[PDB]
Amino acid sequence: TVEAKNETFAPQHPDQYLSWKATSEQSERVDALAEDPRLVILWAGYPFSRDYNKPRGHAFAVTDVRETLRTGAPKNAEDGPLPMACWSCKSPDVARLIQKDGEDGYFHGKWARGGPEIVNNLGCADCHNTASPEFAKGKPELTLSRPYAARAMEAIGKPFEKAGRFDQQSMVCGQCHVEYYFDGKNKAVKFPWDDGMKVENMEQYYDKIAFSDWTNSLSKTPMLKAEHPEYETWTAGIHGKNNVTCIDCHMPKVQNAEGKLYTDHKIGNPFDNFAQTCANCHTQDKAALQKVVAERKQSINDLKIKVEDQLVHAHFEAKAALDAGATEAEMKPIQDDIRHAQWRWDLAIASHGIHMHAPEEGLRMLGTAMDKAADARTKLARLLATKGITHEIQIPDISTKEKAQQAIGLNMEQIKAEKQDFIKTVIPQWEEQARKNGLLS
């Protein structure tokens, strides 16, 4: 009953379909590791040290999860580093499978298993109850197609079905644009929102279940990874406090050539249509508003670099303490500090929109990260001294992405060669197979 094949809806909804399809124009894929090699050190031991780009259009979600080095080059349906859950926020086929196989059945196994099943571009079924008679009549019928997201919204005291129109608008974005972790042996997507959506709430939450994402290979710290917390941070910011929704800025109401109103489905930079976005509410002109947002982006970027420099030193200083023979008991309180410092930093800046959505909250977060980075490095200086080291720990050359990846032991030549062979030969097999099974066009 869930229709994952988006083009089904084109004749009935040409304004929404044509604009939805146009996210393919947002095609630039910017390498964030090249731009910030410190990230390779911070994420040492984790797939994000291999490959991390800025987001681009929705049209590319499927392509990009296939192509990222993070997903590797599985040789069969039970192989590869990552689980089925990596599909969850990329395609309406996820909705299709959850309905067919149930949530547990969908999450079981490896990402590689979903390859010939998850094939349509993030689309209509992700956000709309397309099976409602009202939808054909041109009403939105917004829904949460993801039960893990429905459960999260209830956990914050905001059940979707009791929510008004405007809260529901941001909630559909909130199915994917959130911080999450993989829960249980089968790695189900969960939002860590049980105690609240603030960095302090989530930190306490993860510590109480003793969860870690990975162990940093330099410091041996049990780490937490933050991912794109737009919902949580937008909530904290002044626009969210005034229930200015994701849609007010990213999906403005515009007019077709016949003067009819519709929701613009080309989801991108709100500044690209200032006249229909900020200008609905603000008297300031485009240049003046761009200048403010740019200033905040710079303030955040300057402070973020300072925190990351502290963390790079902390990881290498912990590596030096290990190399001088520090025991697990000696390392533990240091590693607790590093875990908390990096959690705070990563949640502060994992969203590329933080300087717009809640710049004051990103700044505050970075400040609390810096407090724990200070504690870690002071403990480490004292620990190193007990092992007879009283000099500054020198860092290897991390001036480019390539040097940093080399420095942490990654064989990037082999990694990329394996991935490129996977892209060359497996993806077409997946698509050929999906077409044979009627899942794709």
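Throughout, we count residues from 1 along the sequence that is shown.
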| item | value |
| --- | --- |
| 128-136 set against 216-224, stretch whose average Cα temperature factor tops the other in the entry | 128-136 |
| Mean C-alpha temperature factor, higher of 305-313 and 178-186 | 178-186 |
| Selection by C-alpha B-factor (highest) of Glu117, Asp248, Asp336, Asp207 | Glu117 |
| Peak C-alpha temperature factor (PDB record), options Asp272, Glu295, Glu361, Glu203 | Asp272 |
| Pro252 by Cα B-factor - lowest, middle or highest third of the modelled chain | highest |
| Third assignment of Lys403 from its chain's C-alpha B-factors | middle |
| Lowest, middle or highest third - CA B-factor, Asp371 | lowest |
| Where the record places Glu392 (Cα B-factor, split into thirds across the chain) | middle |
| B-factor third for the C-alpha atom of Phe160 within its chain | highest |
